[PDB]
Amino acid sequence: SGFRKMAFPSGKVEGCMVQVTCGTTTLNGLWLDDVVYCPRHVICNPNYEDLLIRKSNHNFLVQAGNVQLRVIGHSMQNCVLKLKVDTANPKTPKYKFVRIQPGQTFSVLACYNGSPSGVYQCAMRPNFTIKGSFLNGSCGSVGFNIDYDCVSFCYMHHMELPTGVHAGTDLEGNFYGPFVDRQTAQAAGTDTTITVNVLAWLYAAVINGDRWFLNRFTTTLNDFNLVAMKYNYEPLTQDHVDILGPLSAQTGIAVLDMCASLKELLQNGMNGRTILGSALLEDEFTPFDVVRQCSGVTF
Amino acid sequence: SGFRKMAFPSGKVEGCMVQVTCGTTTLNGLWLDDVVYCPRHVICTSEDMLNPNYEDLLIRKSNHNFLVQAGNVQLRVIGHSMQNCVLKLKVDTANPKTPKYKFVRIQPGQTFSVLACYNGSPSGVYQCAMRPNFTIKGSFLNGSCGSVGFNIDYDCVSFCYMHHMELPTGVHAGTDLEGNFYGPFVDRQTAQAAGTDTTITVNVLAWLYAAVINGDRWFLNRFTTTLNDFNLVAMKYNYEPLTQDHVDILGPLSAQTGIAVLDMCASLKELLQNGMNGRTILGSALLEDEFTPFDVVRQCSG
Ligand SMILES: NC(=O)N1Cc2ccc(Cl)cc2[C@H](C(=O)Nc2cncc3ccccc23)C1
Ligand SMILES: NC(=O)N1Cc2ccc(Cl)cc2[C@H](C(=O)Nc2cncc3ccccc23)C1
Ligand SMILES: [Cl-]
């Protein structure tokens, strides 16, 4: 029993964190094989080709623990700088670079000076920001998932928006969201609630013995989506309904039956009650996160 | 900016997780140097659990009865001893991944990271607090016994918890790494219930200071309180008494935000009276009590 916001064990990622210093700027890098990936704003109206062409290999100081790595090459791929180093990371795990969709969750290994300080779980918001916890020096910290023994890198931290939320890229340097890596006026779009995730979390509450919110009612996908649109909830697709199938079979509560529970919660509130120790509807657990935590999958 | 429930990077602990098998029971062990620490109930059957005589059960065991597995490698047990409710299995190989470590016993209200494991394999990491009733509100399934709680301040891992059991309310009970249970619990299938839980007051105050550091002041008021008046009010909401030690501990946060501890106590009293009125504090509609004053300083400042 119990339901926690749980991150993947960060060990395979910790063994990849390095410190990248260039000029006055110091941030984090991800050392995989003989390449260190880091935000290109470490070289810093920025013409990044012009700024990068003025740098030599020895301008980038890469530090892996108490060992200085020597940079033998450098190239840019979108908003990510790839520093070729002489040494292949012996701690390089089996990995992939994956781009995630909004609503998908991942673990963040927050780092400062190439040293991991914390690990937390978070979701790619529908507005492409992440509600993370980062201070200055956190740039280059990575987001990942673990599938079997393979680490899928999905996020690299680049910046903080004026509302305190965060923006970054996939490991190929493509930003999530309409953001750019420069000091210009940028704001996160109006956020919405990840509906399939709230439903997954209601199923987790049912699995954990909390059923007060259940009701005899059902609804249609169209009628539920008319309610979802009114409460700034993401539309629930047939794919989401299919994805919630296993949880629906396990608890005996059809996805449209759980949708009517969610509809009543949105219109009437919780009425002094909590669900899994929360007075708000939690949307940062995917259906797979719920199944994984309520089954004990290991890595 | 931002405030998350953050766990310590689990890497130093992952490299210590092993699987311990005794008969039909399989649980997790912590391999540090040449010793594997695990709950002593690994030697029990389901029947033995009502009134186990651990000394009697352990005396009938030999080293080769304990199967220890570190990854895809079987370790050889060369000795065994019991220290309180933990079994210490001397093995023939020192763990090369043994980090700098300490065994620390924590007090209620203290937080720590839990590396939940099944079959000696880590599956997840989460942050939690030792409740005032000595239980932890964890996320544990059958086979998670032996999973550990820790903090990693600097490069040293301080092991503070080993999971032993789930109580009937879904909460968890365990021991420090010397085998001493937190709380009035026993490693027996007997009628045991967690005492009435209370809110960790000093932690809620620390979290209100984190909200101030992050720019949220909506809950502040023009009032102050005496420590005694705060405790009389707080007790009525099932909040732990706030001691002078807690007030002293909140000193740095008070100096940083410019809000006196007893002035922050007055905001808390008002929040308990009024609720949040549709608002949130650090993305939460409830008063969060699983961040200590030390956690707030670490995360908000560095
Ligand atoms: N003004 C300022 O501090 N920045 C400007 C800027 C402009 C563009 C880009 Cl791509 C990055 C940055 C950096 C950034 O956002 N870094 C930071 C990242 N995360 C959390 C922070 C908390 C506090 C301060 C910086 C954080 C630095
Ligand atoms: N009923 C049952 O299976 N147990 C009884 C028991 C009695 C005393 C002692 Cl010291 C340990 C145990 C074990 C224990 O609590 N393990 C478990 C630990 N954590 C979460 C669990 C979730 C679900 C089932 C067991 C969990 C095993
Ligand atoms: Cl303590």
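Just so we're on the same page: letters track the sequence lines, and every chain starts at 1. One-based numbering, in listed order, for ligands and for the atoms of each.
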Check: B/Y37 ring centre within less than 6.0 Å of B/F103 ring centre: yes
CD1/A/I53: more than 12 non-hydrogen atoms of other groups inside 6.0 Å: no
Can you pull every nitrogen or oxygen pair between ligand 1 and the protein closer than 3.5 angstrom?
unit_1, atom_1, unit_2, atom_2, d
ligand 1, 15 (O), A/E160, N, 3.1
ligand 1, 19 (N), A/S138, OG, 3.4
ligand 1, 19 (N), A/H157, NE2, 2.7

Cation-pi geometry met for A/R292 and A/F285 (6.0 Å, 45°): no
Side chain to side chain donor-acceptor pair (under 3.5 Å) against B/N65, all qualifying residues, sequence neighbours excluded: B/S62
Per-atom contacts of ligand 2 with B/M49, taking only distances under 4.0 Å to non-hydrogen atoms: 8 (C), 9 (C), 10 (Cl)
All pairs passing salt bridge (charged side-chain N to carboxylate O under 4.0 Å, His left out) where residues 17-30 of chain B contributes a residue, at least two apart: none
Any pair counted as salt bridge (charged side-chain N to carboxylate O under 4.0 Å, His left out), so long as it reaches residues 125-147 of chain B, sequence neighbours left out: B/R131-B/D197, B/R131-B/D289, B/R131-B/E290
